[PDB]
file entry13.txt (compact mmCIF, C-alpha atoms and all ligand atoms)
# COMPACT_ATOMS: atom_id res chain seq x y z
CA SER T 1 -185.86 -214.96 -44.57
CA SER T 2 -183.66 -217.46 -42.73
CA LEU T 3 -182.26 -214.73 -40.46
CA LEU T 4 -184.30 -215.49 -37.35
CA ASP T 5 -183.86 -219.25 -37.77
CA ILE T 6 -180.10 -218.73 -38.04
CA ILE T 7 -179.97 -216.72 -34.79
CA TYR T 8 -181.46 -219.66 -32.87
CA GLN T 9 -179.60 -222.29 -34.93
CA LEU T 10 -176.27 -220.97 -33.58
CA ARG T 11 -177.15 -222.79 -30.34
CA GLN T 12 -176.55 -226.04 -32.27
CA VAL T 13 -172.96 -225.09 -33.21
CA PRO T 14 -170.54 -226.32 -30.52
CA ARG T 15 -167.16 -224.84 -29.76
CA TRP T 16 -163.94 -226.59 -28.63
CA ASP T 17 -164.41 -229.78 -30.66
CA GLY T 18 -161.90 -232.42 -29.65
CA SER T 19 -161.39 -231.08 -26.09
CA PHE T 20 -163.15 -232.34 -22.98
CA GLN T 21 -165.32 -229.61 -21.37
CA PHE T 22 -167.09 -229.65 -18.01
CA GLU T 23 -169.55 -227.19 -19.63
CA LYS T 24 -170.26 -227.43 -23.35
CA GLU T 25 -170.22 -224.03 -25.05
CA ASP T 26 -172.18 -222.99 -28.13
CA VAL T 27 -171.74 -220.07 -30.51
CA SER T 28 -174.63 -218.08 -29.04
CA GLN T 29 -173.15 -218.09 -25.51
CA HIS T 30 -169.76 -217.17 -26.97
CA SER T 31 -171.20 -214.34 -29.07
CA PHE T 32 -173.05 -212.87 -26.09
CA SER T 33 -169.75 -212.72 -24.20
CA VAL T 34 -167.89 -211.26 -27.21
CA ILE T 35 -170.47 -208.48 -27.55
CA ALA T 36 -170.06 -207.47 -23.89
CA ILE T 37 -166.26 -207.69 -24.01
CA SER T 38 -166.23 -205.69 -27.26
CA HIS T 39 -168.22 -202.95 -25.53
CA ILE T 40 -165.88 -202.84 -22.52
CA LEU T 41 -162.71 -202.82 -24.63
CA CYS T 42 -164.19 -200.05 -26.78
CA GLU T 43 -164.88 -197.82 -23.77
CA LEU T 44 -161.32 -198.27 -22.50
CA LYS T 45 -159.79 -197.69 -25.94
CA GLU T 46 -161.84 -194.50 -26.39
CA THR T 47 -160.64 -193.06 -23.09
CA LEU T 48 -157.00 -194.11 -23.58
CA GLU T 49 -156.57 -193.27 -27.27
CA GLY T 50 -158.72 -190.11 -27.30
CA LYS T 51 -161.41 -191.09 -29.80
CA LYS T 52 -165.03 -192.13 -30.26
CA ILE T 53 -165.85 -195.41 -32.00
CA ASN T 54 -169.20 -195.98 -33.72
CA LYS T 55 -170.66 -198.30 -31.12
CA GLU T 56 -173.68 -199.24 -33.26
CA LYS T 57 -171.41 -200.70 -35.96
CA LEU T 58 -169.15 -202.27 -33.35
CA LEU T 59 -171.88 -204.08 -31.44
CA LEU T 60 -173.66 -205.29 -34.57
CA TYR T 61 -170.36 -206.62 -35.98
CA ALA T 62 -169.70 -208.42 -32.69
CA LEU T 63 -173.27 -209.76 -32.74
CA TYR T 64 -172.93 -211.36 -36.19
CA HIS T 65 -169.14 -211.94 -36.20
CA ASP T 66 -169.46 -215.75 -36.26
CA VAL T 67 -172.83 -215.96 -37.97
CA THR T 68 -171.28 -217.78 -40.93
CA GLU T 69 -170.59 -220.74 -38.61
CA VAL T 70 -174.24 -221.78 -39.05
CA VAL T 71 -173.00 -223.01 -42.45
CA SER T 72 -169.31 -223.79 -41.86
CA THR T 73 -169.70 -225.05 -38.25
CA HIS T 74 -167.01 -223.94 -35.78
CA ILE T 75 -163.57 -225.02 -37.01
CA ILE T 76 -161.10 -224.78 -34.14
CA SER T 77 -158.10 -222.50 -34.59
CA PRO T 78 -155.29 -225.13 -34.95
CA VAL T 79 -157.18 -226.53 -37.97
CA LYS T 80 -158.50 -223.26 -39.41
CA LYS T 81 -155.10 -221.53 -39.21
CA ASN T 82 -153.20 -224.47 -40.71
CA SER T 83 -151.19 -223.34 -43.74
CA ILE T 84 -153.12 -225.86 -45.87
CA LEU T 85 -156.58 -224.62 -44.86
CA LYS T 86 -155.85 -220.95 -43.99
CA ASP T 87 -156.69 -219.27 -47.32
CA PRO T 88 -159.28 -221.88 -48.45
CA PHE T 89 -161.35 -221.35 -45.29
CA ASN T 90 -161.27 -217.57 -45.74
CA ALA T 91 -162.52 -218.05 -49.30
CA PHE T 92 -165.21 -220.42 -48.00
CA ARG T 93 -166.22 -217.89 -45.33
CA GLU T 94 -166.52 -215.23 -48.04
CA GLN T 95 -168.80 -217.40 -50.19
CA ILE T 96 -171.09 -217.89 -47.17
CA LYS T 97 -171.59 -214.14 -46.70
CA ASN T 98 -172.83 -213.72 -50.29
CA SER T 99 -175.66 -216.25 -49.83
CA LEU T 100 -177.58 -215.49 -46.60
CA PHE T 101 -179.70 -212.33 -46.97
CA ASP T 102 -182.96 -213.39 -48.64
CA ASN T 103 -186.50 -211.96 -48.75
CA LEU T 104 -185.42 -209.18 -46.36
CA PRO T 105 -186.34 -205.49 -46.34
CA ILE T 106 -183.81 -203.18 -47.97
CA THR T 107 -182.82 -201.48 -44.70
CA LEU T 108 -182.31 -204.96 -43.25
CA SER T 109 -180.53 -206.14 -46.41
CA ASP T 110 -178.19 -203.14 -46.43
CA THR T 111 -177.46 -203.13 -42.69
CA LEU T 112 -176.61 -206.84 -42.83
CA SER T 113 -174.50 -206.41 -45.96
CA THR T 114 -172.68 -203.53 -44.28
CA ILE T 115 -172.02 -205.70 -41.23
CA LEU T 116 -171.00 -208.86 -43.07
CA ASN T 117 -168.87 -207.12 -45.71
CA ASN T 118 -167.37 -204.72 -43.18
CA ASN T 119 -164.21 -202.80 -44.00
CA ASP T 120 -163.86 -200.91 -40.69
CA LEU T 121 -160.45 -202.27 -39.73
CA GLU T 122 -160.52 -201.00 -36.14
CA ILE T 123 -163.91 -202.53 -35.32
CA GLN T 124 -162.56 -205.76 -36.80
CA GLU T 125 -159.49 -205.41 -34.54
CA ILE T 126 -161.52 -204.83 -31.37
CA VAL T 127 -163.76 -207.84 -31.99
CA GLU T 128 -160.78 -210.04 -32.85
CA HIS T 129 -159.24 -209.05 -29.51
CA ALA T 130 -162.53 -209.60 -27.69
CA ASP T 131 -162.62 -213.04 -29.34
CA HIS T 132 -159.20 -213.91 -27.95
CA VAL T 133 -160.15 -212.57 -24.51
CA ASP T 134 -163.29 -214.70 -24.47
CA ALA T 135 -161.34 -217.81 -25.43
CA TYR T 136 -158.93 -217.04 -22.59
CA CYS T 137 -161.82 -216.55 -20.15
CA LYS T 138 -163.34 -219.92 -21.14
CA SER T 139 -159.99 -221.64 -20.53
CA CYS T 140 -159.81 -219.93 -17.12
CA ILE T 141 -163.27 -221.19 -16.15
CA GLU T 142 -162.50 -224.77 -17.23
CA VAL T 143 -159.19 -224.83 -15.33
CA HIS T 144 -161.09 -223.36 -12.34
CA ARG T 145 -163.59 -226.23 -12.58
CA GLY T 146 -160.60 -228.59 -12.33
CA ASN T 147 -160.16 -229.41 -16.05
CA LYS T 148 -156.46 -230.28 -16.40
CA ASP T 149 -156.91 -230.68 -20.17
CA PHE T 150 -157.36 -226.89 -20.51
CA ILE T 151 -154.15 -225.97 -18.65
CA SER T 152 -152.08 -226.03 -21.84
CA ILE T 153 -154.82 -224.18 -23.73
CA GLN T 154 -154.91 -221.49 -21.02
CA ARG T 155 -151.12 -221.16 -21.25
CA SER T 156 -150.90 -220.58 -25.00
CA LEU T 157 -153.90 -218.22 -25.01
CA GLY T 158 -152.41 -216.40 -22.03
CA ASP T 159 -148.99 -216.16 -23.69
CA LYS T 160 -150.58 -214.68 -26.81
CA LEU T 161 -152.65 -212.24 -24.74
CA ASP T 162 -149.59 -211.06 -22.81
CA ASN T 163 -147.83 -210.28 -26.10
CA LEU T 164 -150.87 -208.29 -27.27
CA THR T 165 -150.94 -206.24 -24.06
CA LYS T 166 -147.44 -204.94 -24.85
CA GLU T 167 -148.72 -203.46 -28.13
CA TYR T 168 -152.33 -202.44 -27.32
CA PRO T 169 -152.60 -200.49 -24.03
CA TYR T 170 -156.38 -200.79 -23.81
CA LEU T 171 -155.92 -204.56 -23.57
CA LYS T 172 -153.46 -204.18 -20.70
CA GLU T 173 -155.99 -202.03 -18.86
CA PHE T 174 -158.70 -204.65 -19.43
CA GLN T 175 -156.29 -207.29 -18.11
CA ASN T 176 -155.60 -205.16 -15.02
CA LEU T 177 -159.27 -204.57 -14.28
CA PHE T 178 -160.70 -208.04 -14.93
CA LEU T 179 -158.25 -210.75 -15.96
CA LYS T 180 -156.00 -210.91 -12.91
CA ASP T 181 -158.71 -212.44 -10.67
CA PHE T 182 -160.92 -214.53 -12.95
CA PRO T 183 -163.30 -216.18 -12.34
CA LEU T 184 -164.24 -214.90 -8.88
CA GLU T 185 -164.25 -217.74 -6.36
CA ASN T 186 -166.41 -215.68 -3.96
CA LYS T 187 -169.29 -214.05 -5.85
CA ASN T 188 -170.06 -211.51 -3.14
CA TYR T 189 -172.34 -209.55 -5.50
CA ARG T 190 -175.05 -212.22 -5.12
CA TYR T 191 -175.66 -211.31 -1.47
CA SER P 1 -164.94 -205.30 -10.65
CA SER P 2 -167.43 -208.17 -10.77
CA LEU P 3 -168.62 -207.13 -14.25
CA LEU P 4 -166.77 -209.74 -16.29
CA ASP P 5 -167.56 -212.49 -13.79
CA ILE P 6 -171.24 -211.55 -13.98
CA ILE P 7 -171.28 -211.78 -17.80
CA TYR P 8 -170.14 -215.42 -17.63
CA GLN P 9 -172.19 -216.18 -14.49
CA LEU P 10 -175.41 -215.56 -16.45
CA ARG P 11 -174.82 -218.99 -18.02
CA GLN P 12 -175.67 -220.46 -14.59
CA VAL P 13 -179.12 -218.79 -14.48
CA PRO P 14 -181.74 -221.10 -16.05
CA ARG P 15 -184.98 -220.00 -17.63
CA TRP P 16 -188.38 -221.76 -17.64
CA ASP P 17 -188.17 -223.23 -14.13
CA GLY P 18 -190.96 -225.70 -13.51
CA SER P 19 -191.44 -226.61 -17.21
CA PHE P 20 -189.92 -229.60 -18.97
CA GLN P 21 -187.54 -228.54 -21.79
CA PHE P 22 -185.89 -230.67 -24.45
CA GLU P 23 -183.15 -227.99 -24.47
CA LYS P 24 -182.35 -226.11 -21.27
CA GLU P 25 -182.00 -222.37 -21.85
CA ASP P 26 -179.85 -219.94 -19.87
CA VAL P 27 -179.93 -216.16 -19.62
CA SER P 28 -176.90 -215.67 -21.88
CA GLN P 29 -178.48 -217.57 -24.80
CA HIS P 30 -181.72 -215.65 -24.25
CA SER P 31 -179.95 -212.29 -24.11
CA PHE P 32 -178.05 -212.99 -27.34
CA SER P 33 -181.38 -213.63 -29.07
CA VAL P 34 -182.99 -210.54 -27.52
CA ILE P 35 -180.13 -208.33 -28.76
CA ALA P 36 -180.56 -209.59 -32.34
CA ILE P 37 -184.36 -209.32 -32.24
CA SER P 38 -184.09 -205.82 -30.74
CA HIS P 39 -181.90 -204.80 -33.67
CA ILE P 40 -184.31 -206.21 -36.27
CA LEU P 41 -187.39 -204.67 -34.65
CA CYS P 42 -185.58 -201.33 -34.45
CA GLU P 43 -184.76 -201.32 -38.17
CA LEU P 44 -188.39 -202.07 -39.06
CA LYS P 45 -189.74 -199.46 -36.63
CA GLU P 46 -187.38 -196.82 -38.04
CA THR P 47 -188.53 -197.43 -41.61
CA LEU P 48 -192.24 -197.65 -40.71
CA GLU P 49 -192.47 -194.79 -38.20
CA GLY P 50 -190.02 -192.42 -39.93
CA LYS P 51 -187.36 -192.04 -37.24
CA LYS P 52 -183.85 -192.98 -36.15
CA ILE P 53 -183.30 -194.71 -32.81
CA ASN P 54 -179.97 -194.52 -30.97
CA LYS P 55 -178.83 -198.05 -31.71
CA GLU P 56 -175.86 -197.87 -29.32
CA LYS P 57 -178.17 -197.27 -26.36
CA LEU P 58 -180.66 -199.83 -27.65
CA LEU P 59 -178.18 -202.67 -28.08
CA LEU P 60 -176.43 -202.01 -24.77
CA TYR P 61 -179.80 -201.95 -22.96
CA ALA P 62 -180.74 -205.25 -24.62
CA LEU P 63 -177.31 -206.66 -23.70
CA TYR P 64 -177.70 -205.94 -19.97
CA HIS P 65 -181.53 -206.03 -19.75
CA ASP P 66 -181.59 -209.11 -17.49
CA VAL P 67 -178.20 -208.63 -15.86
CA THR P 68 -179.83 -208.25 -12.45
CA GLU P 69 -180.88 -211.91 -12.66
CA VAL P 70 -177.34 -212.86 -11.59
CA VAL P 71 -178.59 -211.78 -8.14
CA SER P 72 -182.35 -212.39 -8.29
CA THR P 73 -182.21 -215.53 -10.50
CA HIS P 74 -184.84 -215.78 -13.24
CA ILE P 75 -188.34 -215.61 -11.72
CA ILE P 76 -190.86 -216.83 -14.28
CA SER P 77 -193.61 -214.43 -15.32
CA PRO P 78 -196.65 -216.08 -13.59
CA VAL P 79 -194.81 -215.66 -10.27
CA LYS P 80 -193.13 -212.31 -10.93
CA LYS P 81 -196.35 -210.68 -12.20
CA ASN P 82 -198.48 -212.01 -9.34
CA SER P 83 -200.28 -209.15 -7.58
CA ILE P 84 -198.54 -210.16 -4.33
CA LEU P 85 -195.00 -210.07 -5.76
CA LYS P 86 -195.40 -207.53 -8.61
CA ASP P 87 -194.29 -204.33 -6.83
CA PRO P 88 -191.93 -206.05 -4.32
CA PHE P 89 -189.92 -207.64 -7.14
CA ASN P 90 -189.62 -204.31 -8.97
CA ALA P 91 -188.30 -202.77 -5.74
CA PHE P 92 -185.91 -205.71 -5.35
CA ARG P 93 -184.74 -205.30 -8.95
CA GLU P 94 -184.09 -201.61 -8.26
CA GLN P 95 -181.96 -202.35 -5.19
CA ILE P 96 -179.83 -204.72 -7.30
CA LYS P 97 -178.98 -202.00 -9.83
CA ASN P 98 -177.59 -199.71 -7.10
CA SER P 99 -175.04 -202.30 -5.93
CA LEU P 100 -173.16 -203.74 -8.94
CA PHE P 101 -170.72 -201.17 -10.40
CA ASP P 102 -167.54 -201.39 -8.32
CA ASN P 103 -163.87 -200.52 -8.95
CA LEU P 104 -164.75 -199.54 -12.53
CA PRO P 105 -163.47 -196.64 -14.65
CA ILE P 106 -165.71 -193.59 -14.73
CA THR P 107 -166.62 -193.99 -18.40
CA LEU P 108 -167.52 -197.60 -17.60
CA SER P 109 -169.31 -196.56 -14.40
CA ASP P 110 -171.34 -193.88 -16.18
CA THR P 111 -172.18 -195.96 -19.26
CA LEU P 112 -173.39 -198.81 -17.04
CA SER P 113 -175.35 -196.45 -14.80
CA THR P 114 -176.93 -194.89 -17.89
CA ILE P 115 -177.89 -198.35 -19.15
CA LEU P 116 -179.16 -199.75 -15.85
CA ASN P 117 -181.02 -196.61 -14.77
CA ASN P 118 -182.36 -195.97 -18.26
CA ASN P 119 -185.29 -193.63 -18.81
CA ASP P 120 -185.55 -193.97 -22.61
CA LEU P 121 -189.11 -195.29 -22.72
CA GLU P 122 -189.03 -196.34 -26.37
CA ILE P 123 -185.83 -198.38 -26.06
CA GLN P 124 -187.45 -200.02 -23.03
CA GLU P 125 -190.54 -200.73 -25.17
CA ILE P 126 -188.56 -202.29 -28.03
CA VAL P 127 -186.60 -204.59 -25.72
CA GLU P 128 -189.76 -205.59 -23.84
CA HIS P 129 -191.30 -206.56 -27.18
CA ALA P 130 -188.14 -208.38 -28.25
CA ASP P 131 -188.34 -210.22 -24.92
CA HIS P 132 -191.87 -211.40 -25.66
CA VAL P 133 -190.90 -212.38 -29.21
CA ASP P 134 -187.99 -214.45 -27.92
CA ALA P 135 -190.20 -216.23 -25.40
CA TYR P 136 -192.61 -217.00 -28.24
CA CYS P 137 -189.78 -218.30 -30.42
CA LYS P 138 -188.56 -220.61 -27.63
CA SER P 139 -192.08 -222.03 -27.23
CA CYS P 140 -192.20 -222.58 -31.01
CA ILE P 141 -188.92 -224.51 -30.97
CA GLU P 142 -190.00 -226.72 -28.04
CA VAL P 143 -193.35 -227.53 -29.66
CA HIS P 144 -191.41 -228.24 -32.89
CA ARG P 145 -189.20 -230.69 -30.96
CA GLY P 146 -192.42 -232.45 -29.90
CA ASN P 147 -192.83 -230.93 -26.41
CA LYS P 148 -196.57 -231.06 -25.73
CA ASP P 149 -196.05 -229.26 -22.41
CA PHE P 150 -195.21 -226.03 -24.30
CA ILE P 151 -198.38 -226.04 -26.46
CA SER P 152 -200.34 -224.05 -23.88
CA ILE P 153 -197.38 -221.73 -23.32
CA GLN P 154 -197.11 -221.12 -27.08
CA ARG P 155 -200.83 -220.34 -27.20
CA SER P 156 -200.87 -217.69 -24.48
CA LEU P 157 -197.66 -216.06 -25.74
CA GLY P 158 -199.05 -216.16 -29.27
CA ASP P 159 -202.38 -214.67 -28.15
CA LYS P 160 -200.56 -211.83 -26.41
CA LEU P 161 -198.33 -211.25 -29.45
CA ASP P 162 -201.31 -211.11 -31.80
CA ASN P 163 -202.88 -208.40 -29.62
CA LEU P 164 -199.63 -206.42 -29.72
CA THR P 165 -199.46 -206.61 -33.52
CA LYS P 166 -202.78 -204.75 -33.73
CA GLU P 167 -201.26 -201.79 -31.87
CA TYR P 168 -197.59 -201.78 -33.01
CA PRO P 169 -197.24 -202.13 -36.80
CA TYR P 170 -193.51 -202.86 -36.69
CA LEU P 171 -194.35 -206.02 -34.73
CA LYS P 172 -196.85 -207.12 -37.37
CA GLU P 173 -194.18 -206.69 -40.03
CA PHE P 174 -191.72 -208.75 -37.97
CA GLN P 175 -194.42 -211.41 -37.60
CA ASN P 176 -194.99 -211.40 -41.37
CA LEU P 177 -191.31 -211.71 -42.20
CA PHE P 178 -190.20 -214.30 -39.63
CA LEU P 179 -192.88 -215.66 -37.29
CA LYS P 180 -195.24 -217.33 -39.76
CA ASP P 181 -192.76 -220.12 -40.63
CA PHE P 182 -190.69 -220.73 -37.50
CA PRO P 183 -188.51 -222.65 -36.96
CA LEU P 184 -187.55 -223.70 -40.50
CA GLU P 185 -187.90 -227.45 -40.92
CA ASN P 186 -185.63 -227.38 -44.00
CA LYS P 187 -182.54 -225.26 -43.30
CA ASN P 188 -181.61 -224.84 -46.95
CA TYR P 189 -179.08 -222.11 -46.09
CA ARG P 190 -176.65 -224.76 -44.77
CA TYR P 191 -176.07 -226.19 -48.26
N1 LIG G 1 -155.19 -224.34 -27.87
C1 LIG G 1 -156.40 -224.72 -28.47
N2 LIG G 1 -156.69 -226.03 -28.64
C2 LIG G 1 -157.84 -226.40 -29.22
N3 LIG G 1 -158.73 -225.52 -29.65
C3 LIG G 1 -158.51 -224.16 -29.53
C4 LIG G 1 -157.32 -223.73 -28.92
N4 LIG G 1 -157.36 -222.36 -28.91
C5 LIG G 1 -158.52 -221.97 -29.48
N5 LIG G 1 -159.23 -223.03 -29.86
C6 LIG G 1 -160.48 -222.99 -30.49
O1 LIG G 1 -160.46 -222.28 -31.69
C7 LIG G 1 -161.57 -221.44 -31.23
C8 LIG G 1 -161.27 -219.95 -31.29
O2 LIG G 1 -160.00 -219.69 -30.80
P1 LIG G 1 -159.24 -218.35 -31.19
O3 LIG G 1 -160.20 -217.22 -31.32
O4 LIG G 1 -158.23 -218.02 -30.15
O5 LIG G 1 -158.45 -218.59 -32.60
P2 LIG G 1 -158.58 -217.75 -33.96
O6 LIG G 1 -158.78 -216.29 -33.64
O7 LIG G 1 -157.26 -217.90 -34.76
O8 LIG G 1 -159.85 -218.35 -34.84
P3 LIG G 1 -161.10 -217.59 -35.35
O9 LIG G 1 -160.69 -216.57 -36.46
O10 LIG G 1 -162.14 -218.57 -35.97
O11 LIG G 1 -161.78 -216.85 -34.20
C9 LIG G 1 -161.45 -222.02 -29.96
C10 LIG G 1 -162.80 -222.65 -29.49
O12 LIG G 1 -163.29 -223.51 -30.44
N1 LIG G 2 -196.89 -219.51 -19.84
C1 LIG G 2 -195.71 -219.59 -19.09
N2 LIG G 2 -195.54 -220.58 -18.18
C2 LIG G 2 -194.42 -220.66 -17.46
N3 LIG G 2 -193.43 -219.79 -17.58
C3 LIG G 2 -193.52 -218.74 -18.48
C4 LIG G 2 -194.68 -218.62 -19.26
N4 LIG G 2 -194.50 -217.52 -20.06
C5 LIG G 2 -193.30 -216.98 -19.79
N5 LIG G 2 -192.68 -217.70 -18.84
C6 LIG G 2 -191.41 -217.43 -18.31
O1 LIG G 2 -191.32 -216.15 -17.74
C7 LIG G 2 -190.15 -215.85 -18.57
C8 LIG G 2 -190.30 -214.58 -19.38
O2 LIG G 2 -191.56 -214.52 -19.98
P1 LIG G 2 -192.17 -213.14 -20.45
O3 LIG G 2 -191.10 -212.24 -20.97
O4 LIG G 2 -193.17 -213.37 -21.52
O5 LIG G 2 -192.94 -212.44 -19.19
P2 LIG G 2 -192.67 -210.98 -18.55
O6 LIG G 2 -192.34 -210.00 -19.65
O7 LIG G 2 -193.98 -210.52 -17.86
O8 LIG G 2 -191.45 -211.09 -17.46
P3 LIG G 2 -190.11 -210.30 -17.44
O9 LIG G 2 -190.39 -208.79 -17.13
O10 LIG G 2 -189.15 -210.85 -16.33
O11 LIG G 2 -189.40 -210.44 -18.78
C9 LIG G 2 -190.37 -217.04 -19.27
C10 LIG G 2 -189.11 -217.95 -19.25
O12 LIG G 2 -188.67 -218.15 -17.95
MG MG G 3 -160.62 -215.70 -32.77
MG MG G 4 -165.83 -215.62 -32.33
MG MG G 5 -190.48 -210.21 -20.65
MG MG G 6 -185.30 -210.91 -20.89
call {"tool": "encode", "arguments": {"input": "entry13.txt", "output": "structure tokens", "more": "lines below"}}
Ligand SMILES: Nc1ncnc2c1ncn2[C@@H]1O[C@H](COP(=O)(O)OP(=O)(O)OP(=O)(O)O)[C@H]1CO
Ligand SMILES: Nc1ncnc2c1ncn2[C@@H]1O[C@H](COP(=O)(O)OP(=O)(O)OP(=O)(O)O)[C@H]1CO
Ligand SMILES: [Mg+2]
Ligand SMILES: [Mg+2]
Ligand SMILES: [Mg+2]
Ligand SMILES: [Mg+2]
result
Amino acid sequence: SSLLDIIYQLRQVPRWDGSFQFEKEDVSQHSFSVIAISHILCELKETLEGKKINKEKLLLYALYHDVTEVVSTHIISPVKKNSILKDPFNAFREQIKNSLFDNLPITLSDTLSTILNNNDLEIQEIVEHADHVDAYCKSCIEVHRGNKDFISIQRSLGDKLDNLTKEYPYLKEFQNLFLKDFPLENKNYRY
Amino acid sequence: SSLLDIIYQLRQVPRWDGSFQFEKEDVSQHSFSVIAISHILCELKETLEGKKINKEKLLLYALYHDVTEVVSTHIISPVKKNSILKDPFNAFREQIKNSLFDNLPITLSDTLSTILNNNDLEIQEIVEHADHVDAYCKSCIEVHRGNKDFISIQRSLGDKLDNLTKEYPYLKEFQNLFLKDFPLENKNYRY
């Protein structure tokens, strides 16, 4: 199986092509953050909307949500969501899923097929939101480092996030708990 | 809460201090790999030992398993496991857990307390094994890059892993599926 190789190969997939970064980010760092944010959003959504989400399925979907970028590389959103490339890329992404599981055990084959051909719409929603939050957090850190080139990126991501908070209350709560003072200038927890 | 800041601050905690690396590794990259390896080991253990593990608790424990290193930094194993520092570091690690959850919601407070003061011995075993596997994988990649300084590291980690495979059959199966050809020189899955 290529599965373990792929997990480490995600470190070789850079994000934010075409933008200057004080700290270069790869897909593995991004996916770690998306898993943790997905967990936090899920806890808030459960308490606010009176439900229980299957956290196993959620975390595993977050874990592998960008795994197809080992083949496609990471295409930034202004290119991926262009009306010319929008549907073609989604078709490309779908061909990648149908080609990765090889020489695996059946429980591994099935679990990975379940994850990669997921049809749980709410888990897909939570991870999509966690993905936007993480992008916003990255832009916050770069601006904090002094990167003027991310100011406009922070503004459009922030504008989109503000719109989402009006329609998804668990996102507004996340914003209130974490995103109004981020990153922390004084990391008092170290001492 | 410092929780979201801490998740991104783990990128500033380097591993393998005192060894030359062709690719510098941080705790967030390492934890992403440990989560995925924990999942794979858990699937194999379930099939081989006839059980079902709580994957929510497992994945969340893997996710935060080194979170206290935002305070302690990453102390390499030959120093941490020295008979002088062994018990003191464990006591230090325990003081760190009792100081991190602040201004959180109760469901977040409790979930994080559950995770950080875990007493599920088998989940702790799986993640400890995934942690050794990941260290072995890193040494394999460095040696593959041509790093002669990791040859001796690869050998002691490999020797320890071989011993573990004699006592934990799910580890031997993982070794047979993934660790006998790692990393892949020819990444055919990209094409
Ligand atoms: N303003 C921007 N300028 C340049 N690149 C951007 C910008 N915003 C995002 N990116 C890059 O695209 C990556 C992901 O961003 P995001 O998640 O917000 O966009 P999508 O959800 O539409 O794309 P996705 O489905 O692939 O996640 C991000 C870093 O490379
Ligand atoms: N031979 C080595 N030489 C130098 N550093 C090493 C070596 N082996 C491991 N390290 C570094 O220690 C980190 C973790 O290694 P490992 O997980 O195998 O050791 P422990 O399980 O005993 O330590 P832990 O409880 O903190 O995980 C690793 C990279 O920094
Ligand atoms: Mg996105
Ligand atoms: Mg993503
Ligand atoms: Mg270890
Ligand atoms: Mg670890």
call {"tool": "atom_distance", "arguments": {"input": "entry13.txt", "atom1": "atom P2 of ligand LIG 1 (chain G)", "atom2": "atom CA of residue 112 of chain P"}}
result
29.4 Å
call {"tool": "residues_near_ligand", "arguments": {"input": "entry13.txt", "ligand": "ligand MG 5 (chain G)", "cutoff": "10 Å", "atoms": "all atoms listed in the file", "output": "number ranges by chain"}}
result
P: 65-66, 76-77, 127-135
call {"tool": "closest_residue", "arguments": {"input": "entry13.txt", "among": "T:22, T:92, T:178, T:61", "to": "chain P", "atoms": "all atoms listed in the file"}}
result
T:178
call {"tool": "interface_residues", "arguments": {"input": "entry13.txt", "of": "chain T", "to": "chain P", "cutoff": "9 Å", "atoms": "only C-alpha atoms", "output": "VMD selection string"}}
result
chain T and resid 1 to 8 11 26 28 to 33 35 to 37 39 to 40 43 to 44 47 54 to 60 63 to 64 70 to 72 99 to 100 103 to 105 107 to 108 111 137 to 138 177 to 179 182 to 184 187 to 191
call {"tool": "write_last_selection", "arguments": {"input": "entry13.txt", "atoms": "C-alpha atoms", "output": "short mmCIF file (atom, residue, chain, number, x, y, z; two decimals), in the frame of the given file"}}
result
data_model
loop_
_atom_site.label_atom_id
_atom_site.label_comp_id
_atom_site.auth_asym_id
_atom_site.auth_seq_id
_atom_site.Cartn_x
_atom_site.Cartn_y
_atom_site.Cartn_z
CA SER T 1 -185.86 -214.96 -44.57
CA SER T 2 -183.66 -217.46 -42.73
CA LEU T 3 -182.26 -214.73 -40.46
CA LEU T 4 -184.30 -215.49 -37.35
CA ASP T 5 -183.86 -219.25 -37.77
CA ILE T 6 -180.10 -218.73 -38.04
CA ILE T 7 -179.97 -216.72 -34.79
CA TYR T 8 -181.46 -219.66 -32.87
CA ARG T 11 -177.15 -222.79 -30.34
CA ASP T 26 -172.18 -222.99 -28.13
CA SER T 28 -174.63 -218.08 -29.04
CA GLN T 29 -173.15 -218.09 -25.51
CA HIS T 30 -169.76 -217.17 -26.97
CA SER T 31 -171.20 -214.34 -29.07
CA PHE T 32 -173.05 -212.87 -26.09
CA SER T 33 -169.75 -212.72 -24.20
CA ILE T 35 -170.47 -208.48 -27.55
CA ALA T 36 -170.06 -207.47 -23.89
CA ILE T 37 -166.26 -207.69 -24.01
CA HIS T 39 -168.22 -202.95 -25.53
CA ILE T 40 -165.88 -202.84 -22.52
CA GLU T 43 -164.88 -197.82 -23.77
CA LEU T 44 -161.32 -198.27 -22.50
CA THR T 47 -160.64 -193.06 -23.09
CA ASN T 54 -169.20 -195.98 -33.72
CA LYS T 55 -170.66 -198.30 -31.12
CA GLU T 56 -173.68 -199.24 -33.26
CA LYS T 57 -171.41 -200.70 -35.96
CA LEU T 58 -169.15 -202.27 -33.35
CA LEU T 59 -171.88 -204.08 -31.44
CA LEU T 60 -173.66 -205.29 -34.57
CA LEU T 63 -173.27 -209.76 -32.74
CA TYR T 64 -172.93 -211.36 -36.19
CA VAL T 70 -174.24 -221.78 -39.05
CA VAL T 71 -173.00 -223.01 -42.45
CA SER T 72 -169.31 -223.79 -41.86
CA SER T 99 -175.66 -216.25 -49.83
CA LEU T 100 -177.58 -215.49 -46.60
CA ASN T 103 -186.50 -211.96 -48.75
CA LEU T 104 -185.42 -209.18 -46.36
CA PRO T 105 -186.34 -205.49 -46.34
CA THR T 107 -182.82 -201.48 -44.70
CA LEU T 108 -182.31 -204.96 -43.25
CA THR T 111 -177.46 -203.13 -42.69
CA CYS T 137 -161.82 -216.55 -20.15
CA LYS T 138 -163.34 -219.92 -21.14
CA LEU T 177 -159.27 -204.57 -14.28
CA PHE T 178 -160.70 -208.04 -14.93
CA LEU T 179 -158.25 -210.75 -15.96
CA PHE T 182 -160.92 -214.53 -12.95
CA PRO T 183 -163.30 -216.18 -12.34
CA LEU T 184 -164.24 -214.90 -8.88
CA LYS T 187 -169.29 -214.05 -5.85
CA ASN T 188 -170.06 -211.51 -3.14
CA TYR T 189 -172.34 -209.55 -5.50
CA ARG T 190 -175.05 -212.22 -5.12
CA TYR T 191 -175.66 -211.31 -1.47
#
